[PDB]
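Data first, discussion second: the structure below is written as structure tokens.
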Amino acid sequence: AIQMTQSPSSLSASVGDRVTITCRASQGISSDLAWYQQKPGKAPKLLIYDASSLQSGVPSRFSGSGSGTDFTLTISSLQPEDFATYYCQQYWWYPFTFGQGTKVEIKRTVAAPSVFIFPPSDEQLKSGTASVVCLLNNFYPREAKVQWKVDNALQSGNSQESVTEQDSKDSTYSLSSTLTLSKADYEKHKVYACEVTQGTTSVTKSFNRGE
Amino acid sequence: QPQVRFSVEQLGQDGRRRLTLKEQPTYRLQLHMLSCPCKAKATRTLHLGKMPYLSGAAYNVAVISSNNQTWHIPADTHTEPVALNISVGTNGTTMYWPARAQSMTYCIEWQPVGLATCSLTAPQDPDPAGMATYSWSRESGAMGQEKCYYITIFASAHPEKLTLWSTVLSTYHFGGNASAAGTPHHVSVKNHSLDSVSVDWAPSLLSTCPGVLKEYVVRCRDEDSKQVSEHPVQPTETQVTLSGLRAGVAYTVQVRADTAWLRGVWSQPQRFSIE
Amino acid sequence: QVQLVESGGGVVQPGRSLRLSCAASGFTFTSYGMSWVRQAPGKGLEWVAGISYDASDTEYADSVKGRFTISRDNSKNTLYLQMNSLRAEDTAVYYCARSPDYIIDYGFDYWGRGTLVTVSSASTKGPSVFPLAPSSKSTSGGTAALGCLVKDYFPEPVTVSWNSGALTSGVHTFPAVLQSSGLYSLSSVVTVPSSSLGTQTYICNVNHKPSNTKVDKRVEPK
Ligand SMILES: *[C@@H]1O[C@H](CO)[C@@H](O)[C@H](O)[C@H]1NC(C)=O
Ligand SMILES: *[C@@H]1O[C@H](CO)[C@@H](O)[C@H](O)[C@H]1NC(C)=O
Ligand SMILES: *[C@@H]1O[C@H](CO)[C@@H](O)[C@H](O)[C@H]1NC(C)=O
Ligand SMILES: *[C@@H]1O[C@H](CO)[C@@H](O)[C@H](O)[C@H]1NC(C)=O
Ligand SMILES: [Cl-]
Ligand SMILES: [Cl-]
């Protein structure tokens, strides 16, 4: 199968910027290449076919070029509704293959997260498990290290993370980290701490079981 | 170079035909549509294994190697027995042809039989009569010369995609002032019996253009009662017998040649009476 | 208007079979090729299979070759995908897509809404909803956070609202995570003024249609 590699995987830009996405093919595919735009929870929309033919109804700020193995998608002046993920797809030969995608996010100034920690409810402890939740609210950029500590013991393997999409109003992200313990392990320790690192700043929010 | 040989279907009811491929001894296929030269996209490079549905247009297909055998695909059109309403006049030329689905782009191509003109229409829907249309200014001289023209019309819902063209129809049309140019010559009246005459004429110039000539009409005028009678004649016949004539009465005979859409100009009148 | 509506999705156990259907309307179904495209959660698009207009040509991706079968019923304007020996990796949203030509070629100009197909030996189960309570003594200045932990449901998805939709400012509902037990979990949080914790009631509304379970949890400070 023909491999389709896009570059970059993600990028941040501002309204008015000129955005260029590249797509490279493991074999020559002449001009049998398409470009799609997909927004979260929606089907893709075809933007460009034949490497450079603009699909009907697509604004003229979109344009494609290239032939053989190297192709480029260009947005001359980025608009608010253009922030999304973009895929290339070859239809030169079967099986048809897509690129891994390129997410175009909106750039803003740095923002430190507001950090909150939640002990497990008494209602959940009955079930014999304990979920400890750490909330990172309204921060930018997306990169952030979260580290759980139980009586200062560094935790690993027992947590999972989840990130929202960029907020429509302030373009920040929010993150949640859930530490899962057994009721027996949870009742064995006192101090539960969530440490968040961003740049030169580490912030730790903690609680004491039973207070 | 791979010893692959092509095959093509006959033109189907959709105006399409599949170009297929078979190997009997990397490589790619280059496809060039020759007909309708005024289109923006004329060539496409394809993988050998995918076998497109071409139109009845003429194509150049070649297998190109990546480290060339070429076939000139003959045209294979669909001919309409019904002539199109093509009107050439003082202010321009207008066409009507059977349309298909909506938002269709048509390419009209013509050449005098025995100057290759090309025209590309904007997307258009069928009219209430199921017809598409296009018109040219007088300056264009669109089929303005009194000659027999061969016309081919193509259709595509995506004219930028080369492998999506379909054949609509091919037809013949006599350009210029066909009504005047079609007038029969050498009209003659001959004594056939004591009460009848034979009328003969040379074949109309329209008869040389396939499907254009609908019929002849012979008009006989009784110069005493002023009564008029018209006799239609098959286009394969250039003779008719007029009977029931009265002695001493003067008669006038004229012949015209009609198309499916135009009344022809009458020939010079022939005066005669029973001997 | 051109429309493509998928159906047949749902839960299927590993090794079992499932049959997807696409109902086409608004165009001449017999004149266009059709394809299936799937998208795993949080992943990119993956072309599954394609079929020509007269069903003479069929093509498949490598990962589904020999296990999937695409077919069409041109008299009923229906596209089919027969999935056999389903694995967990086949869990994705499956889209119905139209090709512009007789043959399998060019891009996809028309898509369906998509249907979720979850391959897992887990059983359908409504979620447990636990409070993420704010303290009654503010420790974050004038801003307080609270929320709901929606734990151990199957399959996707759940929808979360606050105060019957009356509360949307500051609401963050995170995407679900697949836990090692095979069940899903997510949280929904809201930031609110700390002075309003005593006077105002906050209720998260969790709805899980696959199990016909609706849960309303009042979140009170602790
Ligand atoms: C043929 O087309 C011409 C030009 O539009 C029009 O004037 C004429 O009425 C048409 N004839 C018929 C019989 O529709
Ligand atoms: C053709 O010529 C005749 C005169 O010979 C004229 O009456 C008629 O209007 C002309 N027709 C056209 C379409 O020019
Ligand atoms: C041509 O245009 C003139 C006006 O310049 C108009 O009077 C005449 O009717 C038109 N005739 C045709 C056949 O278009
Ligand atoms: C033909 O000639 C004969 C002999 O002259 C005559 O009797 C007859 O009336 C003529 N017929 C016509 C139609 O003039
Ligand atoms: Cl279309
Ligand atoms: Cl007259």
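Naming scheme: A, B, ... for chains in displayed order of the structure tokens; residues 1 onward per chain; ligands 1 onward as shown.
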Any residue with an atom at most 7 Å from ligand 3 counts, using only C-alpha atoms and all ligand atoms. Which are they? Put them as a JSON list (two decimals) with N, CA and C atoms, in the first residue's frame.
[["chain", "number", "residue", "atom", "x", "y", "z"],
["B", 89, "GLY", "N", -28.99, 32.97, -38.62],
["B", 89, "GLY", "CA", -29.68, 34.16, -39.06],
["B", 89, "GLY", "C", -28.83, 35.41, -39.08],
["B", 90, "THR", "N", -29.49, 36.55, -39.32],
["B", 90, "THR", "CA", -28.77, 37.82, -39.47],
["B", 90, "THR", "C", -28.04, 38.21, -38.19],
["B", 91, "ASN", "N", -28.56, 37.83, -37.03],
["B", 91, "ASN", "CA", -28.04, 38.29, -35.76],
["B", 91, "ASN", "C", -27.24, 37.23, -35.02],
["B", 92, "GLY", "N", -27.17, 36.01, -35.52],
["B", 92, "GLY", "CA", -26.39, 34.97, -34.89],
["B", 92, "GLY", "C", -26.95, 33.60, -35.20]]
Set the cut-off to 10 Å, count only C-alpha atoms and all ligand atoms, and list whatever residues fall near ligand 1 as a ChimeraX atom specification.
/B:84-89,92-96,129,133-135,260-262
Suppose we keep N, CA, C and O atoms; can you now write the selection as a PDB file, in the first residue's frame?
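Written out: part-v2.pdb:
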ATOM      1  N   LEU B  84     -31.686  18.581 -35.342  1.00  0.00           N
ATOM      2  CA  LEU B  84     -31.745  19.599 -34.306  1.00  0.00           C
ATOM      3  C   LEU B  84     -32.264  20.918 -34.866  1.00  0.00           C
ATOM      4  O   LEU B  84     -32.049  21.247 -36.037  1.00  0.00           O
ATOM      5  N   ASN B  85     -32.946  21.682 -34.015  1.00  0.00           N
ATOM      6  CA  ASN B  85     -33.394  23.023 -34.387  1.00  0.00           C
ATOM      7  C   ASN B  85     -32.199  23.962 -34.313  1.00  0.00           C
ATOM      8  O   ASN B  85     -31.943  24.606 -33.293  1.00  0.00           O
ATOM      9  N   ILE B  86     -31.454  24.039 -35.410  1.00  0.00           N
ATOM     10  CA  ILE B  86     -30.337  24.964 -35.549  1.00  0.00           C
ATOM     11  C   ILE B  86     -30.772  26.060 -36.511  1.00  0.00           C
ATOM     12  O   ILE B  86     -31.089  25.782 -37.674  1.00  0.00           O
ATOM     13  N   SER B  87     -30.781  27.302 -36.032  1.00  0.00           N
ATOM     14  CA  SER B  87     -31.240  28.445 -36.815  1.00  0.00           C
ATOM     15  C   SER B  87     -30.086  29.428 -36.970  1.00  0.00           C
ATOM     16  O   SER B  87     -29.619  30.011 -35.985  1.00  0.00           O
ATOM     17  N   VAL B  88     -29.632  29.607 -38.208  1.00  0.00           N
ATOM     18  CA  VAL B  88     -28.593  30.573 -38.544  1.00  0.00           C
ATOM     19  C   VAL B  88     -29.266  31.787 -39.165  1.00  0.00           C
ATOM     20  O   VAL B  88     -30.025  31.658 -40.134  1.00  0.00           O
ATOM     21  N   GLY B  89     -28.986  32.966 -38.617  1.00  0.00           N
ATOM     22  CA  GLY B  89     -29.681  34.158 -39.059  1.00  0.00           C
ATOM     23  C   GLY B  89     -28.834  35.411 -39.077  1.00  0.00           C
ATOM     24  O   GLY B  89     -27.616  35.357 -38.880  1.00  0.00           O
ATOM     25  N   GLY B  92     -27.171  36.012 -35.524  1.00  0.00           N
ATOM     26  CA  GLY B  92     -26.391  34.973 -34.888  1.00  0.00           C
ATOM     27  C   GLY B  92     -26.952  33.600 -35.197  1.00  0.00           C
ATOM     28  O   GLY B  92     -27.753  33.423 -36.110  1.00  0.00           O
ATOM     29  N   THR B  93     -26.500  32.626 -34.407  1.00  0.00           N
ATOM     30  CA  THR B  93     -26.863  31.225 -34.569  1.00  0.00           C
ATOM     31  C   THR B  93     -27.272  30.656 -33.217  1.00  0.00           C
ATOM     32  O   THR B  93     -26.675  30.995 -32.191  1.00  0.00           O
ATOM     33  N   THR B  94     -28.288  29.790 -33.219  1.00  0.00           N
ATOM     34  CA  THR B  94     -28.826  29.203 -31.998  1.00  0.00           C
ATOM     35  C   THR B  94     -29.019  27.704 -32.192  1.00  0.00           C
ATOM     36  O   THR B  94     -29.412  27.255 -33.273  1.00  0.00           O
ATOM     37  N   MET B  95     -28.740  26.935 -31.138  1.00  0.00           N
ATOM     38  CA  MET B  95     -28.899  25.488 -31.145  1.00  0.00           C
ATOM     39  C   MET B  95     -29.807  25.032 -30.011  1.00  0.00           C
ATOM     40  O   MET B  95     -29.917  25.690 -28.971  1.00  0.00           O
ATOM     41  N   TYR B  96     -30.443  23.883 -30.221  1.00  0.00           N
ATOM     42  CA  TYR B  96     -31.188  23.177 -29.186  1.00  0.00           C
ATOM     43  C   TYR B  96     -30.907  21.689 -29.323  1.00  0.00           C
ATOM     44  O   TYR B  96     -30.949  21.151 -30.434  1.00  0.00           O
ATOM     45  N   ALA B 129     -39.072  21.922 -22.013  1.00  0.00           N
ATOM     46  CA  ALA B 129     -39.174  20.982 -23.121  1.00  0.00           C
ATOM     47  C   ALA B 129     -38.097  19.903 -23.089  1.00  0.00           C
ATOM     48  O   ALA B 129     -38.076  19.047 -23.979  1.00  0.00           O
ATOM     49  N   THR B 133     -29.526  24.650 -24.629  1.00  0.00           N
ATOM     50  CA  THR B 133     -29.396  25.619 -25.705  1.00  0.00           C
ATOM     51  C   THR B 133     -28.075  26.362 -25.589  1.00  0.00           C
ATOM     52  O   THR B 133     -27.461  26.427 -24.521  1.00  0.00           O
ATOM     53  N   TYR B 134     -27.643  26.910 -26.721  1.00  0.00           N
ATOM     54  CA  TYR B 134     -26.510  27.820 -26.778  1.00  0.00           C
ATOM     55  C   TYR B 134     -26.636  28.650 -28.045  1.00  0.00           C
ATOM     56  O   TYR B 134     -27.237  28.212 -29.030  1.00  0.00           O
ATOM     57  N   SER B 135     -26.059  29.847 -28.013  1.00  0.00           N
ATOM     58  CA  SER B 135     -26.176  30.776 -29.126  1.00  0.00           C
ATOM     59  C   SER B 135     -24.839  31.459 -29.370  1.00  0.00           C
ATOM     60  O   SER B 135     -24.017  31.595 -28.461  1.00  0.00           O
ATOM     61  N   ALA B 260     -36.593  19.775 -41.576  1.00  0.00           N
ATOM     62  CA  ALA B 260     -37.450  19.534 -40.424  1.00  0.00           C
ATOM     63  C   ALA B 260     -37.872  20.825 -39.732  1.00  0.00           C
ATOM     64  O   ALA B 260     -38.841  20.810 -38.965  1.00  0.00           O
ATOM     65  N   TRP B 261     -37.186  21.941 -39.996  1.00  0.00           N
ATOM     66  CA  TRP B 261     -37.417  23.171 -39.255  1.00  0.00           C
ATOM     67  C   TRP B 261     -37.576  24.415 -40.119  1.00  0.00           C
ATOM     68  O   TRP B 261     -37.853  25.487 -39.572  1.00  0.00           O
ATOM     69  N   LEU B 262     -37.405  24.320 -41.438  1.00  0.00           N
ATOM     70  CA  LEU B 262     -37.455  25.498 -42.298  1.00  0.00           C
ATOM     71  C   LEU B 262     -38.233  25.206 -43.570  1.00  0.00           C
ATOM     72  O   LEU B 262     -38.007  24.177 -44.213  1.00  0.00           O
TER      73      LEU B 262
END
Write out as a list in words each polymer residue (protein, DNA or RNA) that has an atom no more than 6 Å from ligand 4, with only C-alpha atoms and all ligand atoms counted.
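Answer in the requested format: residues 191, 193, 194, 195, 196, 197, 274 and 275 of chain B.
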Find the residues of chain B that sit at most 10 Å from ligand 5; for each, write down the nearest two atoms and how far apart they are in Å, to one decimal. Count only C-alpha atoms and all ligand atoms. Sort by chain, then by number going up, and give it as CSV.
residue,atom,partner,partner_atom_place_in_ligand_line,distance
B:101,CA,ligand 5,1 (Cl),9.7
B:102,CA,ligand 5,1 (Cl),9.2
B:103,CA,ligand 5,1 (Cl),8.5
B:104,CA,ligand 5,1 (Cl),9.4
B:156,CA,ligand 5,1 (Cl),9.8
B:157,CA,ligand 5,1 (Cl),6.3
B:158,CA,ligand 5,1 (Cl),7.5
Could you please write out, as JSON, numbers by chain, every residue of stretch 88-144 of chain B that DSSP assigns to strand (DSSP E or B)?
{"B": [88, 89, 92, 93, 94, 95, 96, 97, 98, 104, 105, 106, 107, 108, 109, 110, 111, 112, 117, 118, 119, 120, 124, 131, 132, 133, 134, 135, 136, 137]}
Neighbours of chain B in chain C at 8 Å, counting only C-alpha atoms, as number ranges by chain
C: 101-103
9 Å contacts from chain B to chain A using only C-alpha atoms, as a short mmCIF file (atom, residue, chain, number, x, y, z; two decimals) with C-alpha atoms, in the first residue's frame:
data_model
loop_
_atom_site.label_atom_id
_atom_site.label_comp_id
_atom_site.auth_asym_id
_atom_site.auth_seq_id
_atom_site.Cartn_x
_atom_site.Cartn_y
_atom_site.Cartn_z
CA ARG B 44 -4.68 12.51 -17.27
CA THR B 45 -2.09 9.99 -16.11
CA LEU B 46 -3.64 6.85 -14.64
CA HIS B 47 -2.61 3.55 -13.16
CA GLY B 49 -5.14 -1.35 -13.68
CA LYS B 50 -8.02 1.13 -13.47
CA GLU B 160 -12.38 19.25 -14.92
CA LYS B 161 -12.36 15.42 -14.62
#
Which chains and residue numbers are within 12 Å of ligand 6, counting only C-alpha atoms and all ligand atoms, if I want them as a PyMOL selection string?
chain B and resi 217-219+221+228+230+254-256+263-267+269
Should the cut-off be 9 Å, what would the residue list for chain A against chain C look like, counting only C-alpha atoms, as a PyMOL selection string?
chain A and resi 1+32-36+42-46+48-50+55+87+89-101+114-121+123-124+131+133+135+137+160-165+167+174-176
Can you list, as an MDAnalysis selection string, every protein, DNA or RNA residue that comes within 12 Å of residue C:180 when you count only C-alpha atoms, leaving out same-chain residues fewer than 3 positions away?
(chainID A and resid 157:160 180) or (chainID C and resid 122 152 177 183:185)
Hey, what's within 12 Å of stretch 144-148 of chain B if we count only C-alpha atoms and toss same-chain stuff fewer than 2 positions away? As a PyMOL selection string, please?
chain B and resi 86-94+110-115+136-142+150-151+171-182+205-213
Could you check the closest approach to residue B:9 for each of B:108, B:74, B:69, B:64 and tell me which residue wins, using only C-alpha atoms?
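Nearest candidate to residue B:9 out of B:108, B:74, B:69, B:64: B:74.
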With only C-alpha atoms as the basis for distance, which of B:189, B:107, B:99, B:75 is at the shortest distance from residue B:128?
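Between B:189, B:107, B:99, B:75, the residue approaching residue B:128 most closely is B:99.
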Just give me the gap between atom CA of residue A:7 and atom CA of residue A:20 in Å, one decimal is fine.
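These two atoms are separated by 9.2 Å.
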From the DSSP assignment of the backbone, select every residue of stretch 16-224 of chain B that is alpha helix (DSSP H), and format the answer as a ChimeraX atom specification.
/B:178-181
Selection near residue B:16, 7 Å with only C-alpha atoms, sequence-local residues under 3 positions removed, as a list in words
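Near neighbours after the sequence-gap exclusion: residues 11, 12, 53, 54, 55, 56, 166 and 167 of chain B.
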Here atom CA of residue A:51 and atom CA of residue A:71 stand apart by 7.2 Å
Pairwise distance for atom CA of residue A:139 and atom CA of residue A:200, rounded to one decimal in Å
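For atom CA of residue A:139 relative to atom CA of residue A:200, the distance reads 14.8 Å.
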